[PDB]
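If you use PDB author numbering, the sequence shown closes out at 610, no skipped numbers anywhere.
Note that beta-carbon positions come from the ideal geometry of N, C-alpha and C, so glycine has one too.
Reviewing the structure listed below.
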Amino acid sequence: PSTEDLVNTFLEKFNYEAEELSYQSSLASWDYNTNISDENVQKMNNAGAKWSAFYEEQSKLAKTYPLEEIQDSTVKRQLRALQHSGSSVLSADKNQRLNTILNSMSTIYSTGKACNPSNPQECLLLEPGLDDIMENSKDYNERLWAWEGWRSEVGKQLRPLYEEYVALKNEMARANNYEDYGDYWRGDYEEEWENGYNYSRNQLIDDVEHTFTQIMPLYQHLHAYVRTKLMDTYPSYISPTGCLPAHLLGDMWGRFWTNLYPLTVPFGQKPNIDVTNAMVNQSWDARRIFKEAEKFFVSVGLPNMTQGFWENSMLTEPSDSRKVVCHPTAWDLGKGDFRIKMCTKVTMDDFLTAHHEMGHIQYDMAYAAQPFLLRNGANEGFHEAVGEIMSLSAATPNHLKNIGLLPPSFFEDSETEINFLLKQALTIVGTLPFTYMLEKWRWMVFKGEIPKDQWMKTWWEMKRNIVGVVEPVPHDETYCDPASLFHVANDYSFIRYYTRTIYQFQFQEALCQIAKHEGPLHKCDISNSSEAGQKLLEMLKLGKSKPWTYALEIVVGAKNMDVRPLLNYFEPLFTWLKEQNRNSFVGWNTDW
Ligand SMILES: *[C@@H]1O[C@H](CO)[C@@H](O[C@@H]2O[C@H](CO)[C@@H](O[C@@H]3O[C@H](CO)[C@@H](O)[C@H](O)[C@@H]3O)[C@H](O)[C@H]2NC(C)=O)[C@H](O)[C@H]1NC(C)=O
Ligand SMILES: *[C@@H]1O[C@H](CO)[C@@H](O[C@@H]2O[C@H](CO)[C@@H](O[C@@H]3O[C@H](CO)[C@@H](O)[C@H](O)[C@@H]3O)[C@H](O)[C@H]2NC(C)=O)[C@H](O)[C@H]1NC(C)=O
Ligand SMILES: *[C@@H]1O[C@H](CO)[C@@H](O)[C@H](O)[C@H]1NC(C)=O
């Protein structure tokens with residue numbers, strides 16, 4: 019028996035026991051995440067810990083099989099993924115050290131309460147009190163205090179922690195065949211085999227950077243517009259040819275300029291399409307929302323939800339009978355038990371959200387044919403990108419009129435279109451540079467290119483040169499503002515949002531081009547395009563069996579990211595911004 023045949027037997031065993039154990043874990047997690055109950059909490063911990071142990075032991079055993087001697091790229095990929103043990107190689111001592119550091123950083127983050135000068139008790143935790151301030155306040159001093167306090171009482175505390183976390187994680191990375199924790203994270207995009215469908219980890223840097231080059235002009239003009247309107251709101255502090263203060267971006271970090279819409283609304287009279295009132299009138303219940311979503315997916319040719327979906331999902335808050343976590347989640351428990359958890363209300367947002375989450379469900383149903391280790395999206399962004407393209411189609415007033423939530427005679431005034439596209443811009447085009455800069459700083463820091471003495475300095479240097487944002491109060495290396503973000507303090511990648519964003523518009527433009535739609539890409543409802551849903555399935559079923567490049571080619575027609583779809587989607591807004599910015603400054607001073 020060739021070592022590969024023995025390998026097949028190994029994996030065929032792994033997936034057979036794993037599929038099961040993961041289903042047991044997932045059912046326990048449905049129990050806890052729904053029927054919050056200490057008992058159920060304890061059972062969740064038990065089952066998840068058994069999953070952890072199984073994966074770890076099977077990973078060691080997989081290492082005892084040599085990847086270099088595996089033929090079928092499919093088998094090789096499953097093995098490779100299972101062979102990536104990670105924390106195992108480090109001594110159990112060092113393991114507990116890093117576990118304690120991650121736990122302590124997350125506990126500092128969660129236990130984050132800053133107090134207000136003049137108030138010895140206005141001290142409030144982050145999620146309850148601080149954010150509203152950073153999103154619905156027009157007081158420079160209040161927002162300033164919040165921003166400074168977090169990056170002061172929390173970032174400083176995390177500073178030594180993250181300092182040692184970098185060294186430990188780097189040792190873990192190089193413990194595996196890796197140059198830095200950066201290369202380890204970049205490997206999630208690394209795939210090999212097939213014809214030229216291979217993507218080396220270091221190519222990710224090249225591609226992210228060139229895509230950001232093409233997106234830079236749009237971000238520049240968006241910067242101008244937001245800057246000028248904010249100037250009129252905060253005149254004493256904003257400079258016309260300068261970067262923007264961080265505390266005025268709409269959230270503690272300024273990851274999404276969405277909350278700046280009231281202060282930066284194009285026009286401002288033409289109301290915003292809110293079918294919410296219409297839903298409230300047609301008595302649309304949560305089930306009706308999800309049923310219309312089902313009808314959409316059937317229209318493009320995709321299947322409809324299992325009986326199990328309608329019978330086992332929690333589509334509504336559990337009245338008052340139980341206590342639940344509301345954050346919307348899509349669930350593939352394994353073994354065909356697909357579900358969705360949401361505290362669905364009667365709101366356009368929850369409607370579009372149901373379409374997104376059900377798109378996740380459809381992806382899950384489409385790759386059930388694949389084995390366990392290949393039952394996932396091709397990269398880390400395929401999934402949420404599919405989800406988002408659903409909401410894009412379900413937001414076009416065309417589809418809103420079809421479902422009967424907007425009168426037929428209703429017409430789109432160019433003004434309302436610009437308003438909508440600008441809101442999309444802040445939330446999308448705003449996080450794009452923020453994301454690039456965050457992950458670049460982390461990548462270089464893990465690569466060591468940024469020494470600790472110039473750790474924070476570079477950070478704000480980039481925040482200005484890239485993001486176009488400036489520090490309100492100068493911060494020394496005593497601070498650690500990067501750790502101030504949950505995705506950074508809790509050891510999570512961040513480039514996923516950038517990649518997802520670039521992907522979703524590529525997908526939407528390809529599929530729309532299939533539906534033979536003509537006109538702006540912000541007006542596309544792939545509804546009834548059997549061919550569109552067919553291409554989508556022809557990718558979705560592939561899972562991660564085939565290279566992510568292959569999935570892309572099967573859908574969009576290219577093997578690598580392309581920003582041209584994103585630009586085409588926002589091009590109207592781009593031109594309007596250019597004209598609105600002619601007699602003003604488009605750019606920002608680096609040192610300011
Ligand atoms: C989903 O869309 C299909 C498209 O034809 C609708 O046709 C239904 O197809 C199903 C499956 O082939 C047929 O079997 C049914 O399955 C459900 C799910 O377990 C079960 O509850 C039914 O008693 C039946 O066994 C079904 O006869 C057929 N119905 C038609 C043609 O009216 C289907 O209606 C959609 N899904 C569901 C659950 O109805
Ligand atoms: C995508 O395709 C669907 C078809 O499933 C389109 O919805 C359909 O729209 C037509 C025209 O309004 C509806 O016609 C209706 O026929 C019934 C037959 O009894 C009649 O009583 C009504 O007065 C009306 O004329 C049709 O029922 C409806 N399909 C449904 C409700 O399942 C939809 O407009 C298409 N969307 C896009 C973006 O192309
Ligand atoms: C919720 O948990 C409690 C405590 O473990 C248990 O007695 C009860 O049967 C559970 N109910 C549901 C609906 O999960």
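Look at residue 449 here: in three-state DSSP terms it is helix.
Rounded to whole angstroms, the separation of the alpha carbons of residue 31 and residue 532 is 41 Å.
Taking residue 590 as reference, the option from 147, 239, 143 with the minimal CA-CA separation is 239. Residue pairing by DSSP puts residue 131 in a beta bridge opposite 143.
Shown here for residue 46: same chain residues with a beta carbon closer than 6 Å to its own, the five before and five after excluded, namely 61, 62, 65 in chain order. One alpha carbon belongs to residue 390, the other to residue 315, and they sit about 25 Å apart. One residue after another in chain order, those with a Cβ under 5 Å from a heavy atom of ligand 2 are 420, 543, 545, 546. Proximity to residue 418 across 541, 481, 382 peaks at 541, based on C-alpha coordinates.
Secondary structure within the segment 229 to 311: the alpha helix (DSSP H) runs of 4 or more consecutive residues, fully enclosed, are 294 to 299 (chain order). Excluding the 5 residues flanking it on each side, residue 248 has same chain C-beta neighbours closer than 8 Å at 256, 262, 266, 278, 281, 282, in chain order. Residue pairing for residue 488: DSSP places it in a beta bridge opposite 263. The alpha-carbon of residue 163 is positioned some 10 Å away from that of residue 490. Counting the other Cβ atoms within 10 Å of the Cβ of residue 394 gives 16 or more, which makes it buried. Beta-bridge partners of residue 348 (DSSP): 358. Residue selection by CB proximity (closer than 5 Å to any heavy atom of ligand 1) returns 322, 325 in chain order. Taking 6 Å as the cut-off, the C-beta of residue 57 counts as close to a heavy atom of ligand 3.
No Cβ-Cβ contact shorter than 7 Å links residue 497 with residue 462. Excluding five sequence positions before and after residue 530, the CB atoms of its chain that fall closer than 7 Å to its own CB belong to 539, 542, 544, given in chain order.
Distance between residue 118 and residue 587, taken at the CA atoms: about 45 Å.
It is roughly 14 Å from the alpha-carbon of residue 54 to the alpha-carbon of residue 345.
Placement of the Cβ of residue 53 at a distance of less than 6 Å from at least one heavy atom of ligand 3 is found.
Taking C-beta atoms as the reference points, residue 259 and residue 607 count as a pair closer than 7 Å. Looking at the DSSP output, residue 332 bridges to 359.
Beyond the five residues adjoining it in sequence on each side, residue 470 comes within less than 8 Å, by CB distance, of 181, 495 in the same chain, given in chain order.
Cβ-Cβ distances below 7 Å link residue 374 to 405, 406, 408, 409 in the same chain, with the five nearest sequence neighbours on each side left out; the list follows chain order. Here residue 559 really is in contact with residue 387; their C-beta atoms are around 6 Å apart, less than 8 Å. Taking the Cα of residue 293 as reference, the smallest distance to any Cα among 80, 49, 478, 422 is reached at 422. For residue 555, the enclosing alpha helix (DSSP H) has its first and last residue at 548 to 558. Note that the segment 73 to 88 does not touch the segment 192 to 199; fewer than 3 beta-carbon pairs, one per stretch, sit closer than 8 Å. The residue among 226, 299, 376, 58 with its C-alpha nearest the C-alpha of residue 322 is 376.
Shortest Cα-Cα distance from residue 455 to any of 105, 438, 67, 515 involves 515.
Taking the CA atoms as reference points, residue 480 sits about 45 Å from residue 29.
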